[PDB]
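All remarks here apply to the structure that follows.
Protein chains: 2
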Amino acid sequence: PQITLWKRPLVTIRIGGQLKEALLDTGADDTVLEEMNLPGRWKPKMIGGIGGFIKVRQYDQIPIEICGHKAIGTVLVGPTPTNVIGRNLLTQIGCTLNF
Amino acid sequence: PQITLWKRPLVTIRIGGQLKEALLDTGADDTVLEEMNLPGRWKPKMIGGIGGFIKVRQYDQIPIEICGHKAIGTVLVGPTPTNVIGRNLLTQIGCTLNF
Ligand SMILES: CC(C)(C)NC(=O)[C@@H]1CN(Cc2cccnc2)CCN1C[C@@H](O)C[C@@H](Cc1ccccc1)C(=O)N[C@H]1c2ccccc2C[C@H]1O
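Here the protein sequences line up with chains A and B, keeping their order.
Read in order, the letters of the first sequence correspond to residues 489 to 587 in UniProt numbering.
Read in order, the letters of the second sequence correspond to residues 489 to 587 in UniProt numbering.
Laid out in structure tokens, this is it:
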């Protein structure tokens, strides 16, 4: 579809069998989701945003559905105020920016 | 133009008669640039994101050219890791997400 930017670009995603609302963020290199208990082994990691760095848990090969579009990749889990879908996943569902 | 997301969506902006590089960021509500001098009066403000809150200077009705397209709006300047063009300006140039 086509999403305008008058409002935050929120979409419904499905991960770990759960449905959530995430922001489509062309500015995020990675995907960061709110704290949740995903199964599997993970690696500790530090990611930086506008106000500094936060510690996150990196999970690989996680299937995720973004607004009815299948994708699979790395997802970082940490104390983030909102779920962020980054370029790593946006590229998979053929998402582009137009103007 | 149509921009893919395999690489960071960077563009050249012109402001104050100066050239700079910035990121098209749909996850950012506002536009924030690295510290620099902008004519006019500014008011102290604070914005937050991943990592936390930072202190910025707010300049209103600043003219800025984004990859050839003109916009006039609020520009924030402060200790940002990178220049970010937020939704306030993306909407002015008719930017949308497509997939
Ligand atoms: C991988 C990760 C997700 C951690 N990336 C980012 O946060 C990058 C960081 N870089 C920097 C970087 C840092 C370290 C290394 N390389 C690059 C600068 C740009 N952001 C992208 C931002 O789009 C993220 C959003 C997240 C958010 C949305 C709503 C509410 C809270 C948090 C963000 O920071 N948004 C805020 C925002 C941003 C700009 C202007 C105004 C506002 C307000 C607010 O919407």
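Virtual Cβ for every residue (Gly too), placed ideally from N, Cα, C.
Contact test: residue i Cβ vs ligand 1 heavy atom, cutoff 6 Å
i, result
"residue 548 (chain A)", "no"
"residue 535 (chain A)", "yes"
"residue 569 (chain A)", "yes"
"residue 544 (chain B)", "no"
"residue 561 (chain B)", "no"
"residue 520 (chain B)", "yes"
"residue 552 (chain A)", "no"
"residue 538 (chain B)", "yes"
"residue 528 (chain A)", "no"
"residue 515 (chain B)", "yes"
"residue 572 (chain A)", "yes"
Chain-order list of residues whose beta-carbon lies under 8 Å from that of residue i (same chain, five-residue window excluded)
i, result
"residue 535 (chain A)", "518, 520, 541, 542, 544, 564, 566"
"residue 516 (chain A)", "572, 573, 574, 575"
"residue 501 (chain A)", "507, 508, 509, 510, 552, 553, 554, 555, 571, 573"
"residue 560 (chain B)", "549, 550, 551, 552, 580"
"residue 489 (chain A)", "555"
Closest by C-alpha distance to residue i, when choosing among the options
i, options, result
"residue 532 (chain A)", "A:526, A:501, A:547, A:523", "A:547"
"residue 503 (chain B)", "B:580, B:527, B:581, B:586", "B:527"
"residue 529 (chain A)", "A:562, A:582, A:490", "A:562"
Residues of its chain near residue i, where Cβ-Cβ distance is below 7 Å and the 5 sequence neighbours each way are ignored
i, result
"residue 496 (chain A)", "511"
"residue 522 (chain A)", "568, 571"
Same chain, Cβ closer than 6 Å to residue i, five either side skipped, listed in chain order
i, result
"residue 557 (chain B)", "581"
Against chain A: residues of the segment 565 to 581 of chain B by CB proximity under 8 Å: Here the close residues are 568, 569, 572, 575, 578, 579, 581.
Secondary structure, beta strand (DSSP E): runs of 3+ residues fully inside the UniProt domain "Peptidase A2" (508 to 577) of chain B: DSSP runs (the beta strand (DSSP E)) wholly in the UniProt domain "Peptidase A2" (508 to 577) of chain B: 520 to 522, 531 to 537, 540 to 554, 557 to 566.
Members of the segment 505 to 528 of chain B that neighbour chain A once the beta carbon cut-off is set at 8 Å: Those residues of the segment 505 to 528 of chain B that come within reach of chain A (Cβ to Cβ, closer than 8 Å) are 511, 512, 513, 514, 515, 516, 517, 520.
Chain A contacts from the segment 537 to 558 of chain B (Cβ-Cβ distance under 9 Å): Per Cβ criterion, the list reads 537, 538, 539, 540, 541, 542, 554, 555, 557.
Interface positions of the segment 490 to 503 of chain A facing chain B (Cβ-Cβ less than 9 Å), listed along the chain: Residues of the segment 490 to 503 of chain A with a C-beta less than 9 Å from any C-beta of chain B: 490, 491, 492, 493, 494, 495, 496, 497, listed in chain order.
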